[PDB]
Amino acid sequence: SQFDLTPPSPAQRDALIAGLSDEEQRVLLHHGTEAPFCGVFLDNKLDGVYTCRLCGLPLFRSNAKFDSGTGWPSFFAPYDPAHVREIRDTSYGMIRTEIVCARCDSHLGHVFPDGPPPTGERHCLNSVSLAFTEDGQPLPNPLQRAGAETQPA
């Protein structure tokens, strides 16, 4: 990855959190308390990139030509596998795993084992956790990181 996955500094984290709505804070900053959501993402242009609502990291690409299968919302694919972390917890075991932002550790969703082959995985993403950048538009880059993050995704 050309992105710097170093977490936000404490000051940066405070600033970004200060910009979140109550609903956004409920979703992004908590783990294991809220009901899962499997967003369908019907409200944006097909061609762009979903970013972590907290830290701006590009997470999921959508494109009219993508065909990742029925375990993902229509037209979705991972932006970079390094950008999300899957978490297994003995509280759930094989029932579900949590998906978090690899940079800021904010809650993104869950993976359930009831998806299509070959992975058998269903990616259940909370739309509140994600912002959208249309193709051609520079990434939000709230951390003001140099390099790829200064460009369109």
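Numbers follow the displayed sequence, beginning with 1.
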{"property": "Between the two ranges 125-133 and 6-14, the one averaging a larger CA B factor in the entry", "result": "6-14"}
{"property": "Of 40-48 and 101-109, the one with larger mean CA B-factor", "result": "40-48"}
{"property": "Residue of maximum C-alpha B factor among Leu28, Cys55, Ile95, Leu59, per deposited coordinates", "result": "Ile95"}
{"property": "Chain third (lowest, middle, highest) by recorded CA B-factor, residue given as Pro138", "result": "middle"}
{"property": "B-factor third for the C-alpha atom of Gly71 within its chain", "result": "middle"}
